[PDB]
Amino acid sequence: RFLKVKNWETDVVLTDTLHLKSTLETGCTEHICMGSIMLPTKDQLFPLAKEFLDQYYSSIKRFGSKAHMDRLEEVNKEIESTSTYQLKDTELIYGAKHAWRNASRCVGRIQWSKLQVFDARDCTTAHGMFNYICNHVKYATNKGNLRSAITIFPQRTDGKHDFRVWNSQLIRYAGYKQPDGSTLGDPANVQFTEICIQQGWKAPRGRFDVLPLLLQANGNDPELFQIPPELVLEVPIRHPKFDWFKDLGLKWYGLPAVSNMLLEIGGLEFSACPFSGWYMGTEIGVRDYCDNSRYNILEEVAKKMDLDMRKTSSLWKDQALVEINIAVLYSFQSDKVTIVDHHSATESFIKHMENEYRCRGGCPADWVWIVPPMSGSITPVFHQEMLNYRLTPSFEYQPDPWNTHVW
Amino acid sequence: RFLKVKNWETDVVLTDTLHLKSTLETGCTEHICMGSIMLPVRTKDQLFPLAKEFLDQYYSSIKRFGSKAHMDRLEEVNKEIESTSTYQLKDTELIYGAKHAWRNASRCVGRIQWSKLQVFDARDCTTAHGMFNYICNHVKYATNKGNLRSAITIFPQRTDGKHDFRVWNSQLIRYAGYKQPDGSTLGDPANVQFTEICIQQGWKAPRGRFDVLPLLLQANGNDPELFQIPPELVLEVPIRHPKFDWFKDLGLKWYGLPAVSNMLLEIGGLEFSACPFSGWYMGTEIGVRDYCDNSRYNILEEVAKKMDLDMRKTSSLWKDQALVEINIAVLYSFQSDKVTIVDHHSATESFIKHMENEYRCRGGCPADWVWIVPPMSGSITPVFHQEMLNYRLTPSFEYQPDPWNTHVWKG
Ligand code: HEM
Ligand code: HEM
Ligand SMILES: CNCc1cc(C#N)cc(OCc2ccc3c(C)cc(N)nc3c2)c1
Ligand SMILES: CNCc1cc(C#N)cc(OCc2ccc3c(C)cc(N)nc3c2)c1
Ligand SMILES: C[C@H](O)[C@H](O)[C@H]1CNc2nc(N)[nH]c(=O)c2N1
Ligand SMILES: C[C@H](O)[C@H](O)[C@H]1CNc2nc(N)[nH]c(=O)c2N1
Ligand SMILES: [Zn+2]
């Protein structure tokens, strides 16, 4: 029950013990592995609080202290009375950093302890949320010198007063259907783009229309807000070699900020907690441009390269996929916007793994998601065995609000 | 209990019932996933259920379940087990078994072909020379002058585990690897240890960058013996590039026939420890792994240099750029010489069709996403966005320990 993981490129073997602290379930069983599947009261709550507080006071080398037992009793009494409890700032910051630390699918976690936590638990309105989000975006962006951050809105109470950011990301481009049949803008967002228009948004109808924010406070109806353009840093996409690349009329936003997940800490549920870092190149160029259910500009690009698109055997898709990705990195780098390539990030992650096996006894990791979506086997994480398990605090999926929210 | 998988590119959803037939274990638990772990003398006690289950499968497939033929056969195998502590498969059973071991190979992207397998029955074989002969005929048949044909050759099953047939090579055709005094490696780095064993066993190494290794063959638990495959049987393809004329001067070539020989075939409880099988290459198996993996030929740098790439920072993606050209060359070379190869786009598309057809007619298709997704350009192939259930069905191909670690040396 003390598990080894082997890197088959270097024969380096790490032993995992951290997994024995895992609580939540994987979805797998002895007879079936689900590793490639996308998605997975008062009595319940106090063990959850205790587990969290126990790891907190251990991490500050005050396990078993009067401070520890006092805090434990304090929360216990607050629960039995108020049927919930509140985190101290220290615990709030610790929890958020560790939800990222434990995010098994994230290749970026070497940075995990350098996270800026914004406490928005005093927030009461959509307008308020807009202010907090604007401040988040501006701080994180930092004129291209991106900084990781999370903003945390009030915890769930009874599921009727949830704070929700309805956008999947704070910054994303609109996608509109054409009567012609195809898709203008960005196809991933077509339903949300409709919802916004369905909610009173005036669509500029371009390719790169920044979506409005659709914020829900205290469980009320959500509200549209237009992010100040001056806060949305964008990079024009050009190629260092192909001058015709500029002509394609492509750009992307510098700030990846996922806003639809739920942050769980010591049993408490933060349904609104937008968090952001900086892009790995492939997230935009491999997925956001070349996925079939996305921009799918591959064909167009290959044409301009005058590649033989008659047989798949020419690997024209591959060749084009590469140039596109060379351009993304070039464009961001030239504009002094933070970006990391997939070789650098994966090299960092292997180092981070070594650190976590060393100082923590392991590191939950989801190979299916850690391996970049291109050039997989020439990155060091490919030949790296990984163990995937669920630690807490954590980021979780949650239903789309429009499937739930009673209007 | 029914289970669903979703293709997130097409929103196509399929339902798996076949997983209920799963006997063996994944390595996973409710609290841990070992999905990316490479690898996570049997008595009459547990052998007859294993036999019965197989024969139940077999007779279901031929629509004779519960027939007199089915029951008698059960009886015949039963009495044969309790009398001899093992049993023999009929020829029909052996062929069915071998095909379904491939069909059940959750890590194999090429399974659309599983029903077209040429089974060579080598169970009457008794010596290493006899093994050499069977293997030569396999190679000749499978190669078919470049128009490749899937085949497997099956040597006698394990008895007490002291009389194993083994092919000590990991593949029937593979290039030598030589560690040099200065720490550098001549040839395929992946084969150094095996090359050394061979040399020790009396092999005379030509010590070139592309020496075909000799066969090292073990029959009936005896010490293995060295044989040289006749060169006219080993079909090789010089690697050149369609636009880059300097690519030929890298002096690269590869062999045409991928034939894996160190795995164990399990059928109805019986263990076939020597069972070499071959099909044909997916382009990336040579171009990405066999040339560009840092623990292999690793010509990435040289190809990059010759392309005059910016190799200063990784964010130029010179590595990615070279990799594509190398795979372009590999496919180019094979197609030009009319040697069967498939590119990773064609093969993953084929597999998705295979999978869908298997969910409808069989109730599922076990698949290992970690291994099915190609090692370059993953997300622009349709398997990347395809959810997959992994579980172990029998008959199957299994790993087994390297023979030189377990073998008792006679002399
Ligand atoms: C700072 C630079 C960062 C980089 C380069 C990075 C990289 C990545 C990448 C490439 C993915 C794969 C996602 C996909 O392909 O769709 C991912 C997933 C993820 N990231 Fe990071 N990340 C960073 C920061 C952060 C931060 C600050 C957080 C939270 C505080 C975070 C939490 C997550 C989570 C929870 C997932 C997986 C979500 C899921 O289960 O679907 N990341 N990350
Ligand atoms: C005919 C065309 C075939 C193609 C294109 C093909 C392709 C592949 C590829 C690319 C892999 C991954 C290998 C790696 O990355 O190391 C694989 C695995 C595998 N193949 Fe197929 N294969 C073919 C035929 C066959 C045949 C004829 C058999 C057996 C009768 C077979 C059995 C297997 C098995 C058992 C694995 C998994 C090996 C493991 O678990 O380590 N394949 N195949
Ligand atoms: C749709 N794909 C599945 C998917 C679903 C959900 C949900 N619910 C969230 C997803 O976020 C991946 C992610 C999250 C945070 C990131 C940060 C901070 C930085 C970065 N560079 N990349 C990131 C990628 C992905
Ligand atoms: C060390 N690498 C992992 C590895 C270990 C072992 C073991 N033990 C076997 C391996 O075979 C994968 C395989 C097997 C058969 C194949 C056939 C017939 C055709 C083809 N094109 N590719 C194939 C690939 C790979
Ligand atoms: C079907 C498949 O499991 C699913 O599309 C996953 C696979 N791996 C991934 N890996 C990353 N990094 N991001 C993704 O969206 C996905 N998608
Ligand atoms: C650690 C990891 O599981 C291991 O390196 C696997 C990953 N996926 C693979 N996939 C294929 N097709 N072939 C391989 O050799 C591997 N290696
Ligand atoms: Zn699993």
# chains A, B, ... in the order shown; residues from 1 in each chain; ligands from 1
>>> select_by_dssp(residues="range 40-85 of chain B", states="helix (DSSP H, G or I)", output="number ranges by chain")
B: 44-61, 68-84
>>> residues_near_ligand(ligand="ligand 3", cutoff="6 Å", atoms="only C-alpha atoms and all ligand atoms", output="ChimeraX atom specification")
/A:256-258,260-261,275-280,397
>>> closest_residue(among="A:359, A:286, A:195, A:273", to="chain B", atoms="only C-alpha atoms")
A:286
>>> residues_near_ligand(ligand="ligand 4", cutoff="10 Å", atoms="only C-alpha atoms and all ligand atoms", output="number ranges by chain")
A: 8; B: 38-39, 102, 105, 107-111, 150-152, 170-171, 190, 256-264, 276-286, 289, 341-342, 371, 397-402
>>> closest_atom_pairs(of="chain B", to="ligand 1", cutoff="12 Å", atoms="only C-alpha atoms and all ligand atoms", output="JSON lines")
{"residue": "B:379", "atom": "CA", "partner": "ligand 1", "partner_atom_place_in_ligand_line": "15 (O)", "distance": 10.1}
{"residue": "B:384", "atom": "CA", "partner": "ligand 1", "partner_atom_place_in_ligand_line": "15 (O)", "distance": 11.6}
{"residue": "B:385", "atom": "CA", "partner": "ligand 1", "partner_atom_place_in_ligand_line": "15 (O)", "distance": 11.4}
>>> closest_residue(among="B:115, B:160, B:290, B:60", to="residue 84 in chain B", atoms="only C-alpha atoms")
B:160
>>> residues_around(residues="residue 30 in chain A", least_positions_apart="2", cutoff="8 Å", atoms="only C-alpha atoms", output="list in words")
residues 28, 32 and 33 of chain A; 25, 26, 27, 28, 29 and 30 of chain B
>>> residues_around(residues="residue 318 in chain B", least_positions_apart="6", cutoff="8 Å", atoms="only C-alpha atoms", output="list in words")
residues 304, 309, 310 and 311 of chain B
>>> write_last_selection(atoms="C-alpha atoms", output="mmCIF file, in the first residue's frame")
data_model
loop_
_atom_site.group_PDB
_atom_site.id
_atom_site.type_symbol
_atom_site.label_atom_id
_atom_site.label_comp_id
_atom_site.auth_asym_id
_atom_site.auth_seq_id
_atom_site.Cartn_x
_atom_site.Cartn_y
_atom_site.Cartn_z
ATOM 1 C CA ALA B 304 16.984 20.133 -36.302
ATOM 2 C CA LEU B 309 16.279 25.550 -36.676
ATOM 3 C CA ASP B 310 16.530 27.944 -33.762
ATOM 4 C CA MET B 311 17.617 25.400 -31.150
#
>>> closest_atom_pairs(of="chain B", to="ligand 5", cutoff="9 Å", atoms="only C-alpha atoms and all ligand atoms", output="CSV")
residue,atom,partner,partner_atom_place_in_ligand_line,distance
B:5,CA,ligand 5,1 (C),8.7
B:6,CA,ligand 5,1 (C),7.3
B:7,CA,ligand 5,1 (C),6.3
B:8,CA,ligand 5,5 (O),5.9
B:9,CA,ligand 5,5 (O),7.8
B:369,CA,ligand 5,3 (O),7.5
B:379,CA,ligand 5,8 (N),8.0
B:383,CA,ligand 5,1 (C),7.4
B:384,CA,ligand 5,2 (C),5.6
B:385,CA,ligand 5,5 (O),3.6
B:386,CA,ligand 5,1 (C),4.0
B:387,CA,ligand 5,1 (C),4.0
B:388,CA,ligand 5,1 (C),7.3
>>> write_last_selection(atoms="C-alpha atoms", output="PDB file, in the first residue's frame")
ATOM      1  CA  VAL B   5     -18.843   6.995 -22.595  1.00  0.00           C
ATOM      2  CA  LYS B   6     -19.045  10.282 -24.471  1.00  0.00           C
ATOM      3  CA  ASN B   7     -17.165  11.545 -27.477  1.00  0.00           C
ATOM      4  CA  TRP B   8     -16.850  15.251 -26.618  1.00  0.00           C
ATOM      5  CA  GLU B   9     -16.140  16.331 -30.216  1.00  0.00           C
ATOM      6  CA  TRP B 369      -6.742   6.022 -23.613  1.00  0.00           C
ATOM      7  CA  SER B 379      -5.834  16.324 -29.878  1.00  0.00           C
ATOM      8  CA  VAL B 383      -9.544   9.378 -30.117  1.00  0.00           C
ATOM      9  CA  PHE B 384      -8.240  12.236 -27.965  1.00  0.00           C
ATOM     10  CA  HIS B 385     -11.780  13.577 -27.301  1.00  0.00           C
ATOM     11  CA  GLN B 386     -13.185  10.069 -26.980  1.00  0.00           C
ATOM     12  CA  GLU B 387     -13.920   8.770 -23.481  1.00  0.00           C
ATOM     13  CA  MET B 388     -12.880   5.114 -22.969  1.00  0.00           C
TER      14      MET B 388
END
>>> residues_around(residues="residue 381 in chain A", least_positions_apart="6", cutoff="7 Å", atoms="only C-alpha atoms", output="PDB file with C-alpha atoms, in the first residue's frame")
ATOM      1  CA  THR A 346       6.220  19.836 -18.374  1.00  0.00           C
ATOM      2  CA  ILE A 350       8.498  16.899 -13.354  1.00  0.00           C
ATOM      3  CA  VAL A 371       0.379  15.344 -21.124  1.00  0.00           C
TER       4      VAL A 371
END
>>> closest_residue(among="A:44, A:10, A:168, A:145", to="residue 400 in chain A", atoms="only C-alpha atoms")
A:168
>>> interface_residues(of="chain A", to="chain B", cutoff="8 Å", atoms="only C-alpha atoms", output="ChimeraX atom specification")
/A:5,9,19,22-38,286-287,290-293,312-315,317-319,321-322,326,329-330,340-341,343-344,367-368,373-378,385-390
>>> decode(residues="range 196-210 of chain B", atoms="N, CA, C and O atoms", output="PDB file, in the first residue's frame")
ATOM      1  N   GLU B 196      23.952  -7.457 -25.439  1.00  0.00           N
ATOM      2  CA  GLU B 196      25.041  -7.966 -24.606  1.00  0.00           C
ATOM      3  C   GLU B 196      24.865  -9.440 -24.281  1.00  0.00           C
ATOM      4  O   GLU B 196      25.824 -10.216 -24.332  1.00  0.00           O
ATOM      5  N   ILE B 197      23.636  -9.817 -23.940  1.00  0.00           N
ATOM      6  CA  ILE B 197      23.328 -11.224 -23.715  1.00  0.00           C
ATOM      7  C   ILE B 197      23.709 -12.048 -24.930  1.00  0.00           C
ATOM      8  O   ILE B 197      24.433 -13.029 -24.811  1.00  0.00           O
ATOM      9  N   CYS B 198      23.220 -11.623 -26.092  1.00  0.00           N
ATOM     10  CA  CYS B 198      23.539 -12.274 -27.363  1.00  0.00           C
ATOM     11  C   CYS B 198      25.036 -12.461 -27.565  1.00  0.00           C
ATOM     12  O   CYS B 198      25.499 -13.567 -27.856  1.00  0.00           O
ATOM     13  N   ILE B 199      25.780 -11.373 -27.412  1.00  0.00           N
ATOM     14  CA  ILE B 199      27.227 -11.403 -27.581  1.00  0.00           C
ATOM     15  C   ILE B 199      27.861 -12.421 -26.646  1.00  0.00           C
ATOM     16  O   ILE B 199      28.727 -13.208 -27.050  1.00  0.00           O
ATOM     17  N   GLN B 200      27.419 -12.406 -25.396  1.00  0.00           N
ATOM     18  CA  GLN B 200      27.884 -13.374 -24.417  1.00  0.00           C
ATOM     19  C   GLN B 200      27.573 -14.802 -24.863  1.00  0.00           C
ATOM     20  O   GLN B 200      28.390 -15.711 -24.718  1.00  0.00           O
ATOM     21  N   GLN B 201      26.394 -14.991 -25.438  1.00  0.00           N
ATOM     22  CA  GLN B 201      25.999 -16.309 -25.906  1.00  0.00           C
ATOM     23  C   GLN B 201      26.764 -16.737 -27.162  1.00  0.00           C
ATOM     24  O   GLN B 201      26.475 -17.786 -27.737  1.00  0.00           O
ATOM     25  N   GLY B 202      27.734 -15.930 -27.586  1.00  0.00           N
ATOM     26  CA  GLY B 202      28.573 -16.289 -28.712  1.00  0.00           C
ATOM     27  C   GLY B 202      28.288 -15.569 -30.017  1.00  0.00           C
ATOM     28  O   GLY B 202      28.910 -15.874 -31.036  1.00  0.00           O
ATOM     29  N   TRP B 203      27.359 -14.617 -29.997  1.00  0.00           N
ATOM     30  CA  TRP B 203      27.067 -13.821 -31.189  1.00  0.00           C
ATOM     31  C   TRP B 203      28.284 -13.009 -31.594  1.00  0.00           C
ATOM     32  O   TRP B 203      28.955 -12.411 -30.748  1.00  0.00           O
ATOM     33  N   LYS B 204      28.570 -12.997 -32.890  1.00  0.00           N
ATOM     34  CA  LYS B 204      29.603 -12.119 -33.419  1.00  0.00           C
ATOM     35  C   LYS B 204      28.969 -10.828 -33.926  1.00  0.00           C
ATOM     36  O   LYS B 204      28.349 -10.798 -34.986  1.00  0.00           O
ATOM     37  N   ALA B 205      29.110  -9.763 -33.151  1.00  0.00           N
ATOM     38  CA  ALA B 205      28.507  -8.481 -33.503  1.00  0.00           C
ATOM     39  C   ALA B 205      29.268  -7.811 -34.630  1.00  0.00           C
ATOM     40  O   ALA B 205      30.482  -7.629 -34.541  1.00  0.00           O
ATOM     41  N   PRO B 206      28.564  -7.470 -35.718  1.00  0.00           N
ATOM     42  CA  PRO B 206      29.200  -6.647 -36.750  1.00  0.00           C
ATOM     43  C   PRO B 206      29.465  -5.230 -36.243  1.00  0.00           C
ATOM     44  O   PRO B 206      30.253  -4.502 -36.843  1.00  0.00           O
ATOM     45  N   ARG B 207      28.811  -4.871 -35.137  1.00  0.00           N
ATOM     46  CA  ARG B 207      28.974  -3.573 -34.476  1.00  0.00           C
ATOM     47  C   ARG B 207      28.716  -2.389 -35.404  1.00  0.00           C
ATOM     48  O   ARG B 207      29.511  -1.451 -35.459  1.00  0.00           O
ATOM     49  N   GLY B 208      27.602  -2.437 -36.129  1.00  0.00           N
ATOM     50  CA  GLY B 208      27.187  -1.323 -36.963  1.00  0.00           C
ATOM     51  C   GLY B 208      25.992  -0.639 -36.341  1.00  0.00           C
ATOM     52  O   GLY B 208      25.486  -1.095 -35.316  1.00  0.00           O
ATOM     53  N   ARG B 209      25.522   0.443 -36.948  1.00  0.00           N
ATOM     54  CA  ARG B 209      24.415   1.185 -36.358  1.00  0.00           C
ATOM     55  C   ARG B 209      23.070   0.499 -36.610  1.00  0.00           C
ATOM     56  O   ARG B 209      22.084   0.803 -35.929  1.00  0.00           O
ATOM     57  N   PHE B 210      23.034  -0.436 -37.564  1.00  0.00           N
ATOM     58  CA  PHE B 210      21.797  -1.156 -37.894  1.00  0.00           C
ATOM     59  C   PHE B 210      21.994  -2.659 -38.147  1.00  0.00           C
ATOM     60  O   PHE B 210      21.589  -3.188 -39.191  1.00  0.00           O
TER      61      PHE B 210
END
